[PDB]
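Residue numbers (the deposited numbering), protein chains in the order written: chain A, 1 to 737; chain B, 1 to 186, 205 to 647, 654 to 756; chain C, 205 to 307; chain D, 359 to 716.
Take a look at the structure set out below.
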Amino acid sequence: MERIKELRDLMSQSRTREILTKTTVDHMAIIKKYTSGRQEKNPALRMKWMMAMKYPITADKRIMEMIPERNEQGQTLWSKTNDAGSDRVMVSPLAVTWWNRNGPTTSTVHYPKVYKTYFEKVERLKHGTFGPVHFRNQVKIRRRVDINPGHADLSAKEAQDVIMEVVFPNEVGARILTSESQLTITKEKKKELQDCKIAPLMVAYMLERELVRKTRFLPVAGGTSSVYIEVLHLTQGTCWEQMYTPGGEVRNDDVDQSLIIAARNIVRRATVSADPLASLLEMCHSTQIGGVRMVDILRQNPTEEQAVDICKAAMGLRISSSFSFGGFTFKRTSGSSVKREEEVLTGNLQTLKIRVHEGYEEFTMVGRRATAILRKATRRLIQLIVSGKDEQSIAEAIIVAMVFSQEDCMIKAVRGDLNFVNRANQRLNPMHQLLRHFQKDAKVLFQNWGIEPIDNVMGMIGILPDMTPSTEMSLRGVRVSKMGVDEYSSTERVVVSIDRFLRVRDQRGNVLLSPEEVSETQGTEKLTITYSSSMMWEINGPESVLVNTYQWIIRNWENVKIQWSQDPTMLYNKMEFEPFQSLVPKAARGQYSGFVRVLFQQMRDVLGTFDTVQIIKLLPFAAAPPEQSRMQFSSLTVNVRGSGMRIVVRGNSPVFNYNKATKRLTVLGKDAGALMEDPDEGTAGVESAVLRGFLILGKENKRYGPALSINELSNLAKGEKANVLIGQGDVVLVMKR
Amino acid sequence: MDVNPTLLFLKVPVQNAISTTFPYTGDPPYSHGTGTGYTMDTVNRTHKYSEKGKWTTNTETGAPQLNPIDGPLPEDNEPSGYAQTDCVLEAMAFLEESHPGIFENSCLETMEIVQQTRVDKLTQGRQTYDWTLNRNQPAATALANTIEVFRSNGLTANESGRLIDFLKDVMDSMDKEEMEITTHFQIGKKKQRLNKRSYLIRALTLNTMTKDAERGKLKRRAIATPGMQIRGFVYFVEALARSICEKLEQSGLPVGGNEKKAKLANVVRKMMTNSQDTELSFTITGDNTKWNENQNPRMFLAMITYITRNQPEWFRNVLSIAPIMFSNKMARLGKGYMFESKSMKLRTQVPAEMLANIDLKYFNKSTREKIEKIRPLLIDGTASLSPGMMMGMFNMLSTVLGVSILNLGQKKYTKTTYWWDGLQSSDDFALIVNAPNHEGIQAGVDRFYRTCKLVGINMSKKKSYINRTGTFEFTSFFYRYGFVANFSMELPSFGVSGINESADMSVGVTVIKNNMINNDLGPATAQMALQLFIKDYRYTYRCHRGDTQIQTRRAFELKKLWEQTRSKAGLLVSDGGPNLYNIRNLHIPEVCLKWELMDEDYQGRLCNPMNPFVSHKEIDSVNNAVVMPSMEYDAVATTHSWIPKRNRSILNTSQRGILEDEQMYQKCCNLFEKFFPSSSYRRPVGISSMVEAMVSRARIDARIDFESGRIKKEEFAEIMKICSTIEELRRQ
Amino acid sequence: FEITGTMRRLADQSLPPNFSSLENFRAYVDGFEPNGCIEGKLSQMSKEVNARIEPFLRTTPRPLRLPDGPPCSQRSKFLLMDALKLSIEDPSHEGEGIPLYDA
Amino acid sequence: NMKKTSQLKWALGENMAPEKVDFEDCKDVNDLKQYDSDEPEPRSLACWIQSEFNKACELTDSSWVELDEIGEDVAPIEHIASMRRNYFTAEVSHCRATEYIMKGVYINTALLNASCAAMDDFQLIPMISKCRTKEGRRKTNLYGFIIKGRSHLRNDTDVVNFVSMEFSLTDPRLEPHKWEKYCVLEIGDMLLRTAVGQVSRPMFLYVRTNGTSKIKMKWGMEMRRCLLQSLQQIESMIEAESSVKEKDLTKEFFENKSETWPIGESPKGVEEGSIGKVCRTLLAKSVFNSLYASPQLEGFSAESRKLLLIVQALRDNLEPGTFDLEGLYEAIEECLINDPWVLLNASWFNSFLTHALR
RNA sequence: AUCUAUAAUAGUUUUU
RNA sequence: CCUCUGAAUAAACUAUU
RNA sequence: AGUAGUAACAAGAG
Ligand SMILES: *O[C@H]1[C@@H](O)[C@H](n2cnc3c(N)ncnc32)O[C@@H]1COP(=O)(O)OP(=O)(O)OP(=O)(O)OC[C@H]1O[C@@H](n2c[n+](C)c3c(=O)[nH]c(N)nc32)[C@H](O)[C@@H]1O
Ligand SMILES: [Mg+2]
């Protein structure tokens, strides 16, 4: 009644009526920002200038009726002059501090509910636990982290729709909450907010603070969880790490992700050991995930992953030979495979590598609302049987099975602007990208998959690319049934035996898991992982492993140099090089070892040629069992975040670069320390640790004709000198021993 | 022993101490007087870079225009704007070849954006040249005035609420024989009639001025502000350019901060890995000289035409309008000059509209030469400036052009043993060149330089340098085997923002925390920064601790509050309390940090919704739940979230009446929020008038309440009667 | 979205030199195929337009040239090393007493 | 409020702006012409700026900064930070540059407050400072007086004039060229004890007219930022070493003084100082950047950064190359006109070029 | 595993 | 004499809300 | 005079 009376009063007047009539709802936004101008260009200078004035603050006229014009000492608190462009009056900060000490008192009991997030931050800080401070060589990586966790299974638009529905039921326009999660959250919040007495706008802002997920790119080390990112300024530094555990409750999904990462790292580093089982056991016993010992989590956490299963088998716990893919729990009943990196061309003219699994295999897929049995071969779907609830579930299962089969028809069905790199040019998992692309719309995938007549056996219904129940022809290899569940047996943890080399076997004697079946991806953990040992970098990422390996070699250069000179056999067997050897490509390890070792032998046979940098660079590559060969290497590769980064035998490289002006070593941009000059260094410009059977004598010598490539050095004989194009655009005269 | 700080670089590498080279603790340089000299210099220099072009007269405006496209090829290294159209088209074609489908998908996304965008998008920004007042006005004010004039001239497609309909209105206004506007004086209203050519000149005009507070420059420079007619077309073109740039690896836009650093590092390392192990690699840190004065709108028109092939004609037209308007642009001269008489000891202001036919005895040699050179271009108080992009516009399209030239460096295009790639950001670039030997590096650099010359891009020789791959500089980021921290760049952000007490406290602590996270600010320095910030805060807001004897007008009240309080730690710093911040709790609001230490009476007074220092809502009577005000850096509103006064200069001008208008607007808007509660939270969209929407909402609400039994039939009848009365008033 | 009237003429006056209509330019662009345009133009261009690299050696750089003239003079707002202070052992903290009383 | 006497009216530029009239009403004046827009007159470098910088880097026997309290330390990292902050505060509170920081902040704050509060009055503002002697007792110091002019400042570049009177013991006739803007009087005789005997020396009052704007005053009130710009850098250096040693090295650097950095030059050659000396030198450089801010300094820094990077690439064996090096030198030298601070920086750069490439 | 939602405010980068 | 007033470029990004 | 530097301030307007 007040609204309509006020509207009538405004419409009675002329200017107000003209504004209300000529202005549409769209132009209301334009006129709302209408102003004479906020002539402020230096807010700090303006504030300093204004605070010297008598009455810089603005207040509503009600203040004249609530606060005296003067305090006890007669100091004026406000004046009657209005603020230009409004009807508010001018007041002094003395008025604010007078109100804070003599104003009427209210009941501020619901503020913690309105601002629950900040008080939750306070509570998390209050109950947190502080550990020691460790000084190390931090390697922070720029990644996307979450600063506002929001709700687990919601996005920004979905959260906004839920907020509108809960707070503004009649203003939701045409939106309908179709997702199950959105409906459940809306019902729960309406139940919670039932009979609420807080203003709708503030309730909307509260729900925004509670539900909307916000993410940002930051240079992070440790855990990327929201609780660990709010105190990132406290826990990580340029040279130090503070051990700290938030005092709240920890989400289960974060624990699962951190456990998977830790298990993968531990298994990968254990494979390169001489006794993998004992190394794995000790590493598991020396690791904590978010302040909790890893063994407790392994006992009380039901995670289906290969590395976690290997750890459990090593600890004698029952495992499940299952993994996760596309939201379904796969379980290989029969068959075996070997991973192979294959290059493929995408439908939208993109070239990418994929980890193709060869061999014939049979799996059973279990989903929250679907189930299936799959039989496949190398990039070939032999057959699929799906028994989902409704059409949507069966379609989702079919899409997941098609992408899982690695069919060329699936790859060629990629359309649109699909990208396989991050917005920061970081590689993405091709399979996850394909799944996300085909889950939005699989019309082209189904159309290009193919059709085939069916035999009408057992009454199992068909399915067509249009997702309809046909009975004559159906999608190639796909059938729809109703009596296939076999879901109870999925959670049937079985007792297994683990071999010394981490080969899990069944009671019968068949191999279930092996280290080769663990993913090669190098991810990051949601919760901080703490390792307690002599080498706190033993299960770290690749960059940290590289920098710390070279820093360890530099720090112990005295005894390391003596040992290299005297008894090299024991030096190559140091436990410090094994994390580095894990990074070297497996098929190359032995080869590289051989190569490097030969160089060292020559470096000992020819006196006067002792370059510290060469030995330091090549030492980590001699830690694998050598394989003799005559191959010449100009660089040695290391797997860093899925890319093969090369280390050049001669000269500086992107990874390992040494600066003579400062005598400093930089590894991937991190300072590994300064080498200390030795009197035994050969100051004659002679290199004897570059080629397998050649000695570099000097710079280019035009006498011996034009230079030739490194691989064409096999034609020379004893005592023959030649010019070689060894190095980055450099030609040098060398001779063959 | 003479102290030489620079000698510190003999042991510390320059990058690792680069922050020492930024003298950002002193005040930055400012411009004092007029910007007419800089604008005239810019116009003359832009025409000098294209002097060998074709001179024509515009049949619609009459302004002389210079066309350097397809001009003579340069014979020296001076900057030149003789871009070759075929070369630009070929660069676009090869960019399409290397990234199939880029232009198609970009055009699809841009078509969606164009069809969805609303007119209110134009209200974004700070200032806008209002053609109805021949000066700058706030963007919303300029849009409102333009819409009002168009409605008065029978151009009401903008009522649809779509930006494209506003562009249709602009196009239709271009064809009007006359336009009629209103003018204010000493505060009467008078009518002014503009003929077709005068309005057309006004519509293609960009205002000019001088930039203030710029670091690292000895001399000042000019900047430009676009008009109302051209903002929408530029917005659509830049949306297309952004879509294109999002799909290129070499592009340094529109990414920034940590994400930009990560992208640049990934791209550089990928280039390094692709490099063979037996070939030299060099990196060029480069700058382009007078980038915006040599790029021509006609080449952007050609690029847009090539990008939008096989697209609907309406899309191509709406995209092509912007380069068309920008190649016929005019430049406002500025304030003018000032003259001084020493004998008579007097000063006077000479406007820039008189420069056309002002005697040249007053001016010195340099200004006289400027005026003589620029006079032929002067029309209707502006200068004809056809060539060049004025200032800081079409940045992403320029990025696309630079990235196309970079893409031309693949071996499939060079057809030789050298190749190149790199990073582009508007006009800044880093170029990695790989070749078997040094002569190959020289050949690659020369070919890149000449290919850039063909498309009108000049590499700054005196500001560019080349070294071995591993260190470079790009967009003020110093890469030394990885980007290094630079604290001095962000140092000016430390201090007191000047919003209010609560917001300033939050901003200070958050800035310290963020610089710890990002710029490698250490723990001890963070603590000292906290101490310094608290000191500055207390001195600025006169809120020293209550147990001190600092003489200020606010000290008596703080002393009384301190004496009457039992828990001192609960008091805010704004109330004379102590500082409880340290490293571990920099992420927590101050009020929340010490909530469990406040006295009940003090806490209630502080968080009292009925405090006149923050406004009150009107639901029921007043929302007496929380202190409610735009709450940036102010998590919890208290009595310390007050709002300071406003500048009162306009009170001495003829525009002061506008104040009334805006106030009245607020009034109306307030009423609209009593019918549609969600308007404040989310922006309403509709074509019906405000009164009609309010009346319809009132009727539907009355019906719903009566049906559900919330109100009695007497209220329903009264509401319907008042609605009918409002309907009657609407016609009268 | 059509271009007609003043806009069409402005468009016709926004093209490379050898084009007289917007539609003609669009027809030329639609049928464009890259056929050695850049290579031909590069061949035509003279060899004086080059980017010759000059090595920066230890003997290359020279000292900067400072200006000549009368010596520079003090310009700070207050004396720095030549300042003299009259002091009192007043037990007070920063900014507590009346400035004139202290003076 | 000082009375508007003729001497103050002249010294403070009273009624010195020309009358503002319309062009039509004065277009026929004979000598009417454009404002004098000549470039600044060149000046050559003198020895007094180097002495100023040398003195500004020295230690004092008084504490000039009393930093505010913070919360208690709970985490071990906070304890380590507090120890390092104690070292930093001990090093930085006893520096002459810190005295300059406090003096400038006080003077600019007083000038801004007077300018806002008293638009149309001549106010008397003493130049006061507070310190603590080595024995720990407070002390109040008077440097001189300032007289403010009218402050009807509209733009951020508008100038308010003032008269500065300051005590000194420096004879103005030893380096007259340094004091061209000053009128130095003699106001008394002061007795000073050298070792055991008193000596009488003249006491001079340096008097001059100066001016400042709101932007300059605001940036002078925020001079404490200088501290940060130094300490941050210093801490970085320390951290850069701890990483390679896996242990805190604050005590090792500050107390043992085992590691030194080249910080100056002598007739013998380059001189190396400790971490504290480097910190004080960087603080002095930042404070002088604040006190002598000018467009020339900005241009010189921006242009010489590139030459520093080229020399660094040369020192790293990265085979640097240039295209128009003479153009770079011209760009650098275009900024050296008359500012003592920029000229001294250019001399420092020349010294660095001499020492780096040898 | 992915992750460019909007709008307000301030700060930074983009010179012949 | 008296009254009033102490001055808001474009794009992108960063932080907070 | 002084600030300052390619053009201004050294109060403006009514
Ligand atoms: O966050 C990452 C990971 O930690 C998380 N994850 C993994 N497992 C779980 C569980 N069980 N619960 C919750 N979260 C989990 O999901 C992310 C996976 O990241 P990424 O490392 O990139 O994926 P991965 O490298 O594991 O490869 P992916 O595509 O997900 O494959 C999963 C699994 O399926 C195997 N597999 C695929 N194909 C085509 C196979 C095949 O043809 N034959 C066989 N025998 N196995 C196949 C993958 O190799 C993995 O084993
Ligand atoms: Mg550059």
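Note that CB positions come from ideal geometry on N, CA and C, so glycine has one too.
Beta-carbon separation (whole angstroms), residue i vs residue j, contact threshold 8 Å
| i | j | result |
| --- | --- | --- |
| residue 178 of chain B | residue 158 of chain B | The Cβ separation is near 20 Å, so there is no contact. |
| residue 488 of chain D | residue 496 of chain D | 7 Å |
| residue 337 of chain A | residue 359 of chain A | 4 Å |
| residue 163 of chain A | residue 204 of chain A | 5 Å |
Limits of the alpha helix (DSSP H) - the one that residue i falls within
| i | result |
| --- | --- |
| residue 430 of chain A | 430-440 |
| residue 216 of chain B | 214-221 |
Local conformation of residue i per DSSP, three classes
| i | result |
| --- | --- |
| residue 550 of chain A | helix |
| residue 8 of chain B | helix |
| residue 443 of chain B | strand |
| residue 62 of chain A | coil |
| residue 174 of chain A | coil |
| residue 67 of chain B | strand |
Delimiting residues of the beta strand (DSSP E) encompassing residue i
| i | result |
| --- | --- |
| residue 324 of chain A | 322-325 |
| residue 489 of chain D | 482-491 |
Margin query: My parser needs the alpha helix (DSSP H) runs of 4 or more residues fully inside the region 558-605 of chain B; what are they?
Written below: 573-582
Next item on the list: Return the chain-ordered ranges of every beta strand (DSSP E) run that is complete within the region 614-669 of chain D and spans a minimum of 3 residues.
Entry: 619-623, 628-631
Next item on the list: Any chance you could list the alpha helix (DSSP H) runs of at least 4 consecutive residues sitting entirely within the region 361-418 of chain B, in chain order?
Entry: 383-392
Notebook entry, point to check: Residue ranges of each beta strand (DSSP E) run of no fewer than 3 residues wholly in the region 475-530 of chain A, ordered along the chain?
Noted result: Restricting attention to beta strand (DSSP E) runs no shorter than 3 residues, the region 475-530 of chain A encloses them at 478-480, 511-513, ordered along the chain.
Next item on the list: Residues of the region 131-149 of chain B with a CB closer than 8 Å to any CB of chain C: list them in chain order, please.
Entry: none
Checklist line | Beta carbon shell of ligand 4 at less than 5 Å from a heavy atom | finding: By its list of ligands, the structure shown excludes ligand 4, since it contains just ligand 1 and ligand 2.
Item checked: Positions along the region 82-101 of chain B whose CB lies within less than 7 Å of some CB in chain C -> 84, 85, 86, 87, 89, 90, 93, 94
Checklist line | Secondary structure, alpha helix (DSSP H): runs of 4+ residues fully inside the region 286-373 of chain B | finding: The DSSP assignment places 309-312, 315-325, 331-344 as complete runs of the alpha helix (DSSP H) inside the region 286-373 of chain B, in order along the chain (cut-off: 4 residues).
Check: What residue ranges within the region 296-341 of chain A form continuous beta strand (DSSP E) runs of no fewer than 3 residues, ordered along the chain?
Finding: 322-325, 328-335
Checklist line | Residues, ordered as in the chain, of the region 218-229 of chain C that lie near chain B by beta-carbon distance below 8 Å | finding: 218, 219, 220, 221, 222, 226, 229
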